[PDB]
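Following: one structure in structure tokens, then a few remarks.
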Protein chains: 2
Amino acid sequence: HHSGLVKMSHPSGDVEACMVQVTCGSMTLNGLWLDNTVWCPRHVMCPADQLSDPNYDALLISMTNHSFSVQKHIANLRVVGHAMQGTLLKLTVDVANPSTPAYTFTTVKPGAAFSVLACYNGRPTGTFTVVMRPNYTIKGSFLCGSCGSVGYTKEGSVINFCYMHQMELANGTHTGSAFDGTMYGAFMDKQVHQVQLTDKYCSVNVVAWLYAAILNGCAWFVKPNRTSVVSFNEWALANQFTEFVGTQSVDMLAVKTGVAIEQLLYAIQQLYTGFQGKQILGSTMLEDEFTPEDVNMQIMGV
Amino acid sequence: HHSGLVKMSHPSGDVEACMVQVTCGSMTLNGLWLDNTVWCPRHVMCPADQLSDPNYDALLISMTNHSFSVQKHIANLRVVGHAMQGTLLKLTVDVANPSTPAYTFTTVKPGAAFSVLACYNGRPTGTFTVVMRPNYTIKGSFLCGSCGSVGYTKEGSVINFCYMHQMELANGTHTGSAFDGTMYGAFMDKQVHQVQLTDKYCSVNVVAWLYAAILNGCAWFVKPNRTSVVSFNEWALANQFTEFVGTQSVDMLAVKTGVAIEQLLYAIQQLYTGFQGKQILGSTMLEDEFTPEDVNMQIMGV
Ligand SMILES: [Ca+2]
Ligand SMILES: [Ca+2]
Ligand SMILES: [Ca+2]
Ligand SMILES: [Ca+2]
């Protein structure tokens, strides 16, 4: 019955030891301390009455190393260099973080999951996991003072930082930047109304979820009928679904269950029109917040 | 639109530093190292072909300090004392954990939320948050080798340990013990079929969720109609709902929204019969996995 699926985050200890407070004048938020560098959102430079359409190039010129104050609560880190990369600041400090994990920087793609360490005044307060939506937002839980909170995946011992929180959109979702300084999607780090693209169902995640149902004995939606990937994807474009792109992790689920991807693509088409009062894994609507990897790890132990 | 509600866990660093591997013969699982004590499930003593209806009193007598092997991966801790409390073992080791947090032991009550550190071979692998169901199970994500994984709440800096994982029930949910050694509910740490009590909707959590909808502008279900707590609770007993018991955290939500508890109790009664195609916070069915505290913290910042 119960699927054994939860929203699972990485353990956050490694990253907790990297979080700091960055203060610049009257703005304060979080930064990420790795080696001799502290990363943080650039709108920390901004006075709270210029946050809509600020000029960051001018703000940057007006700053010196002494404009920034960096404190660890969980020390005082003297800022000895400062630079801007896209929407992030890159502050150099005199002391290297002795608990710097092995890490990389990467970009996360729509439908992929990552873990977030929510932080306030440099103090980690919670952790959760999200999927990057097709419109390059996340359905997170961020309040005032959460900017600089980080998102990350993990491969073995290596932490892949992929997200630094910047803002909340009119519809309550959230977005931020990659550590190359680019905002995700077409968003800008300005407090003005911005067009929001439409979200979509992440087809590959829905397929993963239907497989999870099969692994827990729920398979009434499976028929011999099949829909080609190419045919589904044409359908997808007209129905607010991402185009499907199989992966080795989805293939493993097809092998373990003996149900072919194309049978579940047909199933999605029929379910999108209605569940007819039936339920799948307790839900009466499609679920796209679990990835094929989540299903492989949590249900199959792979 | 988006509620800003996620499944939020405490940051797990403090507890990660407390996890160890306990090996006894051919069984291995996780333990919790605080001060000079290592806690772990007692079925680690059990040979894998006696796990249904074992005699733990006899097993205990057959053990010595040298029967147990405790290793930290994230050292070797020499066991110098051993005792059993209910369904847990309490192993004394020569070295005190220098990263023992400030902590207490407590029992968690139905409808209350706690964070879990899932662990395998003494290695923390994920974190998630669950609500204790009215039948004293949790809807978790545990595999073989996860026993000894711990659940905890946090008050300030103090970690309140409330759960040590023991087993998975026929319907895929999970249960374990408190650190006083009692299993939650009427369950026993034996690998036999056991009656499972029926689950129920946690009324107080449903009310919290409806308030969360109001805080996000969704209030079509609110009417002037009211149902008394006493009247609701009589209704609850016939409809697989917990009886409602208000709290100061629920009262805060009533004050902030200007909607009285009794109006939402009436609403629950009507919604239980059907949403009539309408949605609440994206859902077409009642939600009882968010507590009044979650709503206060994540939506109101209290
Ligand atoms: Ca399972
Ligand atoms: Ca290091
Ligand atoms: Ca909000
Ligand atoms: Ca300590």
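Letters A, B, ... mark the chains of the structure tokens in the order given; residue numbers begin at 1 per chain; ligand numbers begin at 1, in order shown.
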For chain A against chain B, which residues fall within 9 Å using only C-alpha atoms, given as a ChimeraX atom specification? /A:1-17,117-118,124-130,139-144,170-173,216,283-285,298-301
Please save N, CA and C atoms of the selected residues as a tab-separated table (two decimals), in the first residue's frame.
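Below is the file that was written, out.tsv:
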chain	number	residue	atom	x	y	z
A	1	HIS	N	0.84	-1.23	0.00
A	1	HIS	CA	0.00	0.00	0.00
A	1	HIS	C	0.87	1.27	0.00
A	2	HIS	N	1.36	1.73	1.16
A	2	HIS	CA	2.20	2.94	1.19
A	2	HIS	C	3.44	2.76	0.31
A	3	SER	N	3.68	3.75	-0.55
A	3	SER	CA	4.67	3.61	-1.62
A	3	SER	C	6.09	3.55	-1.11
A	4	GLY	N	6.34	3.99	0.12
A	4	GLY	CA	7.70	4.11	0.57
A	4	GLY	C	8.44	5.26	-0.06
A	5	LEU	N	7.73	6.17	-0.75
A	5	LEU	CA	8.31	7.39	-1.29
A	5	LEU	C	8.10	8.56	-0.35
A	6	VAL	N	9.19	9.23	0.00
A	6	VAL	CA	9.15	10.50	0.69
A	6	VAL	C	10.00	11.51	-0.08
A	7	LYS	N	9.84	12.78	0.29
A	7	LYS	CA	10.74	13.82	-0.17
A	7	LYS	C	12.00	13.71	0.67
A	8	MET	N	13.05	13.20	0.05
A	8	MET	CA	14.29	12.86	0.72
A	8	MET	C	15.34	13.90	0.33
A	9	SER	N	15.96	14.52	1.34
A	9	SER	CA	17.08	15.41	1.12
A	9	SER	C	18.39	14.74	1.50
A	10	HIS	N	19.46	15.24	0.92
A	10	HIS	CA	20.76	14.83	1.38
A	10	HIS	C	20.93	15.27	2.83
A	11	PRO	N	21.72	14.55	3.61
A	11	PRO	CA	22.11	15.08	4.92
A	11	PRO	C	22.87	16.38	4.71
A	12	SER	N	22.60	17.38	5.56
A	12	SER	CA	23.04	18.74	5.28
A	12	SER	C	24.28	19.16	6.05
A	13	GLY	N	24.88	18.26	6.84
A	13	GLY	CA	26.00	18.65	7.69
A	13	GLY	C	27.14	19.30	6.92
A	14	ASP	N	27.56	18.68	5.81
A	14	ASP	CA	28.69	19.20	5.03
A	14	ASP	C	28.48	20.67	4.67
A	15	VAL	N	27.26	21.02	4.30
A	15	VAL	CA	26.98	22.36	3.78
A	15	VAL	C	26.75	23.32	4.91
A	16	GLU	N	26.08	22.86	5.96
A	16	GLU	CA	25.92	23.68	7.16
A	16	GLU	C	27.24	24.31	7.56
A	17	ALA	N	28.32	23.55	7.52
A	17	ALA	CA	29.60	24.09	7.95
A	17	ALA	C	30.14	25.15	7.00
A	117	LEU	N	19.39	23.94	1.65
A	117	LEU	CA	19.61	24.33	3.05
A	117	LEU	C	19.11	25.75	3.24
A	118	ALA	N	17.94	25.89	3.85
A	118	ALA	CA	17.37	27.20	4.16
A	118	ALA	C	18.03	27.78	5.40
A	124	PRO	N	21.65	27.89	9.55
A	124	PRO	CA	20.78	26.91	8.88
A	124	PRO	C	19.56	26.57	9.73
A	125	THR	N	18.37	26.64	9.14
A	125	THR	CA	17.14	26.42	9.90
A	125	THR	C	16.32	25.24	9.40
A	126	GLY	N	16.47	24.85	8.14
A	126	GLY	CA	15.75	23.70	7.65
A	126	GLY	C	16.31	23.20	6.35
A	127	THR	N	15.89	22.00	5.99
A	127	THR	CA	16.26	21.43	4.71
A	127	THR	C	15.05	20.77	4.07
A	128	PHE	N	15.03	20.85	2.74
A	128	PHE	CA	13.98	20.30	1.92
A	128	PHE	C	14.55	20.01	0.54
A	129	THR	N	13.75	19.35	-0.28
A	129	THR	CA	14.17	18.95	-1.61
A	129	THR	C	13.12	19.43	-2.57
A	130	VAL	N	13.56	19.86	-3.75
A	130	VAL	CA	12.68	20.42	-4.77
A	130	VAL	C	13.11	19.88	-6.13
A	139	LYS	N	9.28	25.27	-6.23
A	139	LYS	CA	8.22	25.36	-5.22
A	139	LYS	C	8.85	25.17	-3.85
A	140	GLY	N	9.45	26.23	-3.35
A	140	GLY	CA	10.19	26.17	-2.12
A	140	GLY	C	9.46	26.79	-0.95
A	141	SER	N	10.23	27.10	0.08
A	141	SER	CA	9.71	27.67	1.32
A	141	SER	C	10.82	28.61	1.79
A	142	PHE	N	10.71	29.88	1.38
A	142	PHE	CA	11.70	30.91	1.67
A	142	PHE	C	11.02	32.16	2.20
A	143	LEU	N	11.60	32.74	3.25
A	143	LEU	CA	11.10	33.99	3.78
A	143	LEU	C	12.13	35.11	3.62
A	144	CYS	N	11.74	36.31	4.04
A	144	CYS	CA	12.70	37.41	4.14
A	144	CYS	C	13.94	36.98	4.92
A	170	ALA	N	5.63	36.29	-8.26
A	170	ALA	CA	4.29	36.73	-7.88
A	170	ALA	C	3.41	35.56	-7.48
A	171	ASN	N	3.65	34.37	-8.03
A	171	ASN	CA	2.80	33.22	-7.76
A	171	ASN	C	3.32	32.37	-6.61
A	172	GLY	N	4.26	32.88	-5.83
A	172	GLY	CA	4.70	32.22	-4.62
A	172	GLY	C	5.85	31.24	-4.81
A	173	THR	N	6.20	30.91	-6.04
A	173	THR	CA	7.39	30.11	-6.30
A	173	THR	C	8.65	30.98	-6.24
A	216	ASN	N	4.64	-1.10	-6.29
A	216	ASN	CA	3.84	-1.27	-5.09
A	216	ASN	C	2.50	-1.93	-5.39
A	283	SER	N	-2.99	9.16	-4.83
A	283	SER	CA	-3.26	10.42	-5.52
A	283	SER	C	-4.35	10.23	-6.57
A	284	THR	N	-5.12	11.29	-6.80
A	284	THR	CA	-6.08	11.31	-7.88
A	284	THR	C	-5.63	12.22	-9.02
A	285	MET	N	-4.36	12.61	-9.03
A	285	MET	CA	-3.80	13.44	-10.08
A	285	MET	C	-2.34	13.07	-10.28
A	298	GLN	N	14.88	4.69	-3.53
A	298	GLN	CA	14.07	4.54	-2.34
A	298	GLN	C	13.25	3.27	-2.35
A	299	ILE	N	12.85	2.81	-3.53
A	299	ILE	CA	12.03	1.62	-3.63
A	299	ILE	C	12.87	0.39	-3.97
A	300	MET	N	13.88	0.52	-4.84
A	300	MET	CA	14.70	-0.62	-5.25
A	300	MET	C	16.07	-0.67	-4.58
A	301	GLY	N	16.47	0.36	-3.85
A	301	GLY	CA	17.79	0.34	-3.24
A	301	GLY	C	18.95	0.40	-4.20
Residues within 10 Å of ligand 2, counting only C-alpha atoms and all ligand atoms: report them as a ChimeraX atom specification. /A:14,34-35,97-103
Just the selected residues (C-alpha atoms), exported as a CSV table (one decimal), in the first residue's frame, please.
chain,number,residue,atom,x,y,z
A,14,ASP,CA,28.7,19.2,5.0
A,34,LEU,CA,34.4,27.5,0.3
A,35,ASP,CA,38.2,27.7,0.5
A,97,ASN,CA,37.2,27.3,5.5
A,98,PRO,CA,38.9,24.2,7.1
A,99,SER,CA,35.6,22.3,6.6
A,100,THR,CA,35.4,23.0,2.8
A,101,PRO,CA,33.9,19.8,1.3
A,102,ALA,CA,35.0,18.4,-2.0
A,103,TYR,CA,32.7,20.2,-4.3
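For the atom pair formed by CA of residue 279 in chain B and CA of residue 208 in chain B, the distance is 16.3 Å, given to one decimal.
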So that I can check the secondary structure, give me every residue of range 84-298 of chain B assigned strand (DSSP E) by backbone DSSP, as a PyMOL selection string. chain B and resi 84-85+88-93+103-105+113-120+123-131+150-155+158-168+174-177
Could you list, as an NGL selection string, every residue within 6 Å of range 176-193 of chain B, counting only C-alpha atoms and ignoring same-chain residues fewer than 6 positions away? :B and (51-53 or 85-88 or 136 or 162-166)
Hey, can you spit out that residue selection with N, CA, C and O atoms as a PDB file, in the first residue's frame?
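File written: again33.pdb
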ATOM      1  N   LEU B  51      14.431 -14.280  13.734  1.00  0.00           N
ATOM      2  CA  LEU B  51      13.873 -12.930  13.833  1.00  0.00           C
ATOM      3  C   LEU B  51      12.356 -12.899  14.023  1.00  0.00           C
ATOM      4  O   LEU B  51      11.819 -11.850  14.391  1.00  0.00           O
ATOM      5  N   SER B  52      11.645 -13.995  13.779  1.00  0.00           N
ATOM      6  CA  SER B  52      10.225 -14.082  14.103  1.00  0.00           C
ATOM      7  C   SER B  52      10.075 -14.747  15.469  1.00  0.00           C
ATOM      8  O   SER B  52      10.446 -15.913  15.641  1.00  0.00           O
ATOM      9  N   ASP B  53       9.540 -14.010  16.432  1.00  0.00           N
ATOM     10  CA  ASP B  53       9.408 -14.495  17.802  1.00  0.00           C
ATOM     11  C   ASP B  53      10.765 -14.869  18.399  1.00  0.00           C
ATOM     12  O   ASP B  53      10.972 -16.031  18.767  1.00  0.00           O
ATOM     13  N   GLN B  85      17.079  -1.965  27.380  1.00  0.00           N
ATOM     14  CA  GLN B  85      15.890  -1.280  27.885  1.00  0.00           C
ATOM     15  C   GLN B  85      14.756  -1.390  26.877  1.00  0.00           C
ATOM     16  O   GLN B  85      14.732  -0.686  25.850  1.00  0.00           O
ATOM     17  N   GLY B  86      13.803  -2.228  27.214  1.00  0.00           N
ATOM     18  CA  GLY B  86      12.708  -2.537  26.309  1.00  0.00           C
ATOM     19  C   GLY B  86      13.261  -3.117  25.029  1.00  0.00           C
ATOM     20  O   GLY B  86      13.940  -4.147  25.034  1.00  0.00           O
ATOM     21  N   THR B  87      13.007  -2.427  23.915  1.00  0.00           N
ATOM     22  CA  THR B  87      13.427  -2.890  22.599  1.00  0.00           C
ATOM     23  C   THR B  87      14.739  -2.273  22.142  1.00  0.00           C
ATOM     24  O   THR B  87      15.126  -2.459  20.989  1.00  0.00           O
ATOM     25  N   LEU B  88      15.449  -1.567  23.012  1.00  0.00           N
ATOM     26  CA  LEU B  88      16.739  -1.019  22.651  1.00  0.00           C
ATOM     27  C   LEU B  88      17.832  -1.638  23.501  1.00  0.00           C
ATOM     28  O   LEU B  88      17.605  -2.063  24.635  1.00  0.00           O
ATOM     29  N   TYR B 136       0.184   5.033  15.188  1.00  0.00           N
ATOM     30  CA  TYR B 136       1.555   4.891  15.666  1.00  0.00           C
ATOM     31  C   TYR B 136       2.441   4.187  14.642  1.00  0.00           C
ATOM     32  O   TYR B 136       3.296   3.370  14.986  1.00  0.00           O
ATOM     33  N   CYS B 162      13.283  11.126  19.569  1.00  0.00           N
ATOM     34  CA  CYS B 162      11.958  10.575  19.806  1.00  0.00           C
ATOM     35  C   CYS B 162      11.699   9.260  19.098  1.00  0.00           C
ATOM     36  O   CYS B 162      10.645   8.657  19.330  1.00  0.00           O
ATOM     37  N   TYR B 163      12.635   8.760  18.296  1.00  0.00           N
ATOM     38  CA  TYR B 163      12.328   7.615  17.444  1.00  0.00           C
ATOM     39  C   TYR B 163      13.614   6.911  17.065  1.00  0.00           C
ATOM     40  O   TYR B 163      14.575   7.558  16.635  1.00  0.00           O
ATOM     41  N   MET B 164      13.603   5.584  17.153  1.00  0.00           N
ATOM     42  CA  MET B 164      14.684   4.773  16.628  1.00  0.00           C
ATOM     43  C   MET B 164      14.023   3.683  15.806  1.00  0.00           C
ATOM     44  O   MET B 164      13.161   2.956  16.305  1.00  0.00           O
ATOM     45  N   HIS B 165      14.404   3.605  14.536  1.00  0.00           N
ATOM     46  CA  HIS B 165      13.672   2.787  13.586  1.00  0.00           C
ATOM     47  C   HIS B 165      13.867   1.303  13.871  1.00  0.00           C
ATOM     48  O   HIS B 165      14.986   0.857  14.115  1.00  0.00           O
ATOM     49  N   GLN B 166      12.765   0.530  13.783  1.00  0.00           N
ATOM     50  CA  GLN B 166      12.794  -0.911  14.026  1.00  0.00           C
ATOM     51  C   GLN B 166      12.225  -1.762  12.899  1.00  0.00           C
ATOM     52  O   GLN B 166      12.715  -2.863  12.678  1.00  0.00           O
TER      53      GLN B 166
END
All helix (DSSP H, G or I) positions in range 49-256 of chain A, as a PyMOL selection string: chain A and resi 56-62+65-67+203-215+229-238+248-256
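Distance annotation: of B:241, B:214, B:149, B:41, the residue with the minimal separation from ligand 3 is B:214; atom set is only C-alpha atoms and all ligand atoms.
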Would you mind listing what lies within 12 Å of residue 91 in chain A as a PyMOL selection string, with only C-alpha atoms counted and same-chain residues fewer than 6 positions away left out? chain A and resi 20+22-24+31-42+60+63-70+77-85
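Each of A:218, A:212, A:44, A:280 was compared to ligand 1 using only C-alpha atoms and all ligand atoms, and A:212 turns out to be the nearest.
Proximity to residue 252 in chain A was assessed for A:105, A:114, A:211, A:201 counting only C-alpha atoms; the smallest distance is recorded for A:211.
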Which polymer residues have any atom within 9 Å of an atom of residue 123 in chain A, counting only C-alpha atoms, with same-chain residues fewer than 6 positions away left out, as a PyMOL selection string? chain A and resi 16+19-21+30+72-74
Can you tell me which residues surround residue 56 in chain B at a distance of at most 8 Å, considering only C-alpha atoms, apart from same-chain residues fewer than 5 positions away, and format the answer as a PDB file with C-alpha atoms, in the first residue's frame?
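Resulting contents of out-v1.pdb:
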ATOM      1  CA  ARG B  42      18.048  -5.022  20.249  1.00  0.00           C
ATOM      2  CA  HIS B  43      17.329  -7.286  17.268  1.00  0.00           C
ATOM      3  CA  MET B  45      21.563  -9.579  18.824  1.00  0.00           C
ATOM      4  CA  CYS B  46      19.265 -11.784  16.837  1.00  0.00           C
TER       5      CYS B  46
END
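Nearest to ligand 3 of all the residues B:175, B:296, B:196, B:248 is B:296, based on only C-alpha atoms and all ligand atoms.
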Could you name the residues that touch range 291-293 of chain B at 8 Å or less, counting only C-alpha atoms, but leaving out those on the same chain fewer than 3 positions away, as a ChimeraX atom specification? /B:111-113,204-205,207-209,249-250,253,288,296-297
Please produce a file of the residues just selected, as a PDB file, in the first residue's frame, where the atoms kept are C-alpha atoms.
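Listed below is the output, out-v9.pdb:
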ATOM      1  CA  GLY B 111      -0.125  14.252  14.391  1.00  0.00           C
ATOM      2  CA  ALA B 112       3.194  15.718  15.540  1.00  0.00           C
ATOM      3  CA  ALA B 113       6.037  16.003  13.026  1.00  0.00           C
ATOM      4  CA  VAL B 204      -5.794  19.450  13.883  1.00  0.00           C
ATOM      5  CA  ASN B 205      -3.417  19.154  10.924  1.00  0.00           C
ATOM      6  CA  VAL B 207      -7.396  22.617  10.147  1.00  0.00           C
ATOM      7  CA  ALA B 208      -3.836  23.943   9.935  1.00  0.00           C
ATOM      8  CA  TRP B 209      -3.823  23.165   6.213  1.00  0.00           C
ATOM      9  CA  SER B 249      -0.539  27.627  17.491  1.00  0.00           C
ATOM     10  CA  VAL B 250      -3.974  27.028  15.961  1.00  0.00           C
ATOM     11  CA  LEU B 253      -3.868  31.166  12.786  1.00  0.00           C
ATOM     12  CA  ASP B 288      -3.043  16.233   7.301  1.00  0.00           C
ATOM     13  CA  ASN B 296       3.091  29.288  11.509  1.00  0.00           C
ATOM     14  CA  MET B 297       6.805  28.923  10.750  1.00  0.00           C
TER      15      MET B 297
END
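Take CA of residue 62 in chain A and CA of residue 93 in chain A: the distance between them is 19.1 Å.
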